[PDB]
Every structure is written in structure tokens, then in C-alpha cells.
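What follows is a single chain, given as C-alpha cells, in the form deposited in one PDB entry.
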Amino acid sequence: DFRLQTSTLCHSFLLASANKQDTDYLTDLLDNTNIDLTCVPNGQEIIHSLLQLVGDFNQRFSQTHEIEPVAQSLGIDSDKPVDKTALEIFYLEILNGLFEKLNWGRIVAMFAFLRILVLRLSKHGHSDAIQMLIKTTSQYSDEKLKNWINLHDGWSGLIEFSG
């Protein structure tokens, strides 16, 4: 099932791209979250590609953009319990904006950004917002990307996309 597969990739990818402290906080959140995971084919190859490619993304985005603005505008840097559903809305609008066209590079950008949000949310332990972002990324993927993705060998497209 594609939605379940894509969900599992987000979790792994986030666990493999965080520092020590965040890795542990996220790993336990997921454990306690007690949610379903399948096995993704080529999963390891796909996660490696994503690390390389989100690396490409990060290195460029620190050149030409800053973070602080948007977290605030999202209401994510607060010690203040975050607005679950307001955040879905904006997230959804950002994805819709990101995805006016489809290709691998734009998909990469969705993982690199989701990472950035998740890591900022976790500074103050915003566990439910975090799980919310990951779930929304999963639905949206299943609603709008899956056909494009399956035309390109599925999630494994990333492996070749990246060389």
C-alpha cells in the first residue's frame, strides 16, 4: 500500500538525518506512537539517495534563505502548544505551492522541508504536531504524487535520479 510505504520512508528518513539528541527523541516518540510500518523495497538505497539529495538541498537553502521567519509565521518556535489544524492548512498550501509541477527535485524538497519543520518542532517537544506533519505528508503523497511516482519506478526512482 502506497500511503503506508510512503509513511515508513518519512519516519526512517527523519531517524537517519537527525543529530543524536533528536534521533533519540524521535525514535522514542515513534515507539510510543505505536503506529504501523511495512518494509519498503530498496528502502536503504532510497534513504541513502535522499540523504545525498536533501544534502544538496540544504547546502543551497542556507545560501539563499533563512528559517526563522517561516517557523514563526507557522507558529512553531513557540513554547506555546501549536495550532494543529491551522498548521495543516499552511502545510497543505505550501505543498500545493511546491507541487504546481511534479518531478524528483520537488519531491526531495518536500522531505528536506518536512525535516526542517520536524527538527524545529522538536526543540519544544511538539510531538503531536510532528506526527501530524508526517501523516499529512503521507495522505498528500497518496492523493497527488503516487501516479507520477509509479510512472517512474515508484519511490525507487530516487535511487537512479541520484546516480
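All residue numbers are counted from 1 along the displayed sequence. We call the rigid core the largest set of C-alpha positions that still match within 1.5 Å between the two forms. Only residues modelled in both forms are compared.
FYI, the form deposited in another entry isn't displayed, but the following is about it.
Asker: Of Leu133, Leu121, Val40, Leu26, which one has a Cα that moves 2 Å or more between this form and the one not shown once the core is lined up?
Answerer: If I go through the list carefully, the shifting residue is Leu26.
Asker: Hey, does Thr85 budge by 2 Å or more at the Cα between this form and the one not shown once the core is superposed?
Answerer: No; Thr85 is a residue whose C-alpha shifts by less than 2 Å between this form and the one not shown when the cores are overlaid.
Asker: Did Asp22 and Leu95 drift closer or farther in that other deposited form, going by a CA distance change of 3 angstroms or more?
Answerer: It is farther: in that other deposited form, the C-alpha atoms of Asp22 and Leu95 lie at least 3 Å more apart than they do here.
Asker: Taking the cut-off of 3 Å or more as given, in which direction does the distance between the C-alpha atoms of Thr23 and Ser49 change in that other deposited form, closer or farther?
Answerer: Note: Cα gap between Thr23 and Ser49 widens in that other deposited form.
Asker: Lining up the core, where do at least three residues in a row all have CA moves of 2 Å or more between this form and the one not shown?
Answerer: In sequence order, the runs that relocate between this form and the one not shown are 19 to 38, 68 to 70, 73 to 75.
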